[PDB]
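**Student:** Below are the structure tokens for one structure; questions will follow.
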Amino acid sequence: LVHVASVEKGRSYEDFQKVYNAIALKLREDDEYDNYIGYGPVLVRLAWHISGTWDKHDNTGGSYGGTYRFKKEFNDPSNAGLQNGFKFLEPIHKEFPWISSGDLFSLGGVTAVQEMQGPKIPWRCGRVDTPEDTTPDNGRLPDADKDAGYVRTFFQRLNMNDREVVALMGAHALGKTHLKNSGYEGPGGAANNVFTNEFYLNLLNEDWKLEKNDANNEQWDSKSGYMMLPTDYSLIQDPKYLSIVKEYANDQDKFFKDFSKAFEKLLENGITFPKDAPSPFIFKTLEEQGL
Ligand code: HEM
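Shown next as structure tokens:
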């Protein structure tokens, strides 16, 4: 399967910076969502789940085709709750009908991270919508109730190495789990709509307790009111993973630089970019724009 990136006709940097600003302005406006967390965390979860379907062996799935707009992927049980990020973006797509679905879903994730004061993520345009029959089947996204060997093995299919996996998981500092979407409940920290290295700090410094929640699932709970998934707590149970967790709890700039590289790679897996294709764009935030 080859997927060649094709720039939307005649569009350049300035066009996509208008779509960025449109998403970013609505993230500021629709601030009441999910008890004032806002839409940022569900938008970086949407960009990870449309990319997380990729398989390195046959190049199926991935962010290229925008296939989450089809019923099969939209109704995957693993995507429960992401309908709220889709409905957030649907006004912006009506306003910029020329951008492809894969490009809009991945740029929403980029925009949310930068606007929540994360690191800059280089983004490349050129994803092309593909037919309903190209939609990957349900079951390619990871279970939460498993251990470190499961996480290591699952992520080799997206070929992410240990460092990449631990840097990517730092995004679970954002937002929260919702019992009616996943059978898990609670946030992982105090700052859950500001991008920081707090996931690593809480994992190493809180007193975690294995409890059962109302959906009868086990999760790690702390006195402070935070929670960690079984696969999150895995990172301090494995010796290779644990020493990268310590590196990111002790250096927020290294965490930001490694997250940026692994999130761009996540979003770009499966896509062939021609050498006459433009460079990755670095978008300015509303703040750097005075907007
Ligand atoms: C083995 C890996 C992973 C598993 C099993 C997993 C699982 C989950 C689960 C069960 C939730 C709760 C969903 C809900 O109830 O609403 C969640 C939320 C979230 N996840 Fe993951 N995840 C994984 C990796 C990642 C990665 C790699 C990213 C991003 C780069 C990510 C970003 C998020 C975000 C931002 C939320 C919060 C969503 C919200 O607030 O609504 N996840 N994750």
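Numbered per PDB author numbering, the sequence shown finishes at 294, counting up by one with no gaps. We put the beta carbon where it would ideally sit given N, CA and C, even for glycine.
(1) Could you tell me if the beta carbon of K179 falls within a distance shorter than 6 Å of some heavy atom in the ligand HEM?
(2) How long is the line joining the alpha carbons of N62 and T137, rounded to whole angstroms?
(3) Does the Cβ of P145 lie closer than 6 Å to at least one heavy atom of the ligand HEM?
(4) Less than 7 Å between the beta carbons of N184 and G84, yes or no?
(5) Measuring straight from C-alpha to C-alpha, what distance separates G293 and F91?
(6) Looking at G65 and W57, is the spacing between their C-beta atoms short of 7 Å?
(7) Comparing the CB of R48 with every heavy atom of the ligand HEM, is any distance shorter than 6 Å?
(8) Got a sec, what are the start and stop residues for the beta strand (DSSP E) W101 sits in?
(9) Sorry if obvious, but does the Cβ on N164 come closer than 6 Å to a heavy atom of the ligand HEM?
(10) So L110 and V22 are in contact, right, with Cβ under 8 Å, and what is the actual spacing, rounded?
(11) CA-CA distance, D79 and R143?
(12) Does the count of Cβ pairs from the region 260-270 and the region 124-133 closer than 8 Å reach three?
(13) Does the distance from the C-beta atom of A176 to that of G189 stay below 7 Å?
**Tutor:** For this structure:
(1) Residue numbering aside, residue 179 sits at position 176 when the sequence shown is read from its first letter. Result yes, Cβ under 6 Å from the ligand HEM.
(2) Here the question's residue 62 lines up with position 59 in the sequence shown. Here the question's residue 137 lines up with position 134 in the sequence shown. Each residue's alpha carbon lies about 11 Å from the other.
(3) Along the sequence shown, one-based indexing puts residue 145 at 142. Flag set: Cβ of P145 near the ligand HEM.
(4) Start at 1 with the first residue of the sequence shown, and residue 184 comes out as number 181. Start at 1 with the first residue of the sequence shown, and residue 84 comes out as number 81. In this structure, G84 lies closer than 7 Å to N184 by Cβ.
(5) Position 290 of the sequence shown, counted from the first residue, corresponds to residue 293. Position 88 of the sequence shown, counted from the first residue, corresponds to residue 91. If I take the Cα positions, the gap works out to 24 Å.
(6) Mapped onto the sequence shown, residue 57 falls at position 54. Mapped onto the sequence shown, residue 65 falls at position 62. In this structure, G65 lies closer than 7 Å to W57 by Cβ.
(7) Locating residue 48 in the sequence shown gives position 45, counting from the first residue. Yes; taking the cut-off as 6 Å, the Cβ of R48 has a heavy atom of the ligand HEM nearer than that.
(8) The sequence position of residue 101 within the sequence shown is 98, counting from 1. From DSSP, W101 is part of no beta strand (DSSP E); its letter is neither H nor E.
(9) Your numbering for residue 164 matches position 161 in the sequence shown. Every heavy atom of the ligand HEM is 6 Å or more from the Cβ of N164, so no.
(10) Position 107 of the sequence shown, counting from 1, holds the residue named residue 110. Position 19 of the sequence shown, counting from 1, holds the residue named residue 22. Their Cβ separation, rounded to whole angstroms, is 6 Å, which keeps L110 and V22 in contact under 8 Å.
(11) For this step, residue 79 is matched to residue 76 along the sequence shown. For this step, residue 143 is matched to residue 140 along the sequence shown. Cα-Cα distance, rounded: 10 Å.
(12) yes
(13) The residue labelled residue 176 in the question sits at position 173 within the sequence shown. The residue labelled residue 189 in the question sits at position 186 within the sequence shown. No, Cβ-Cβ distance for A176 and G189 is not below 7 Å.
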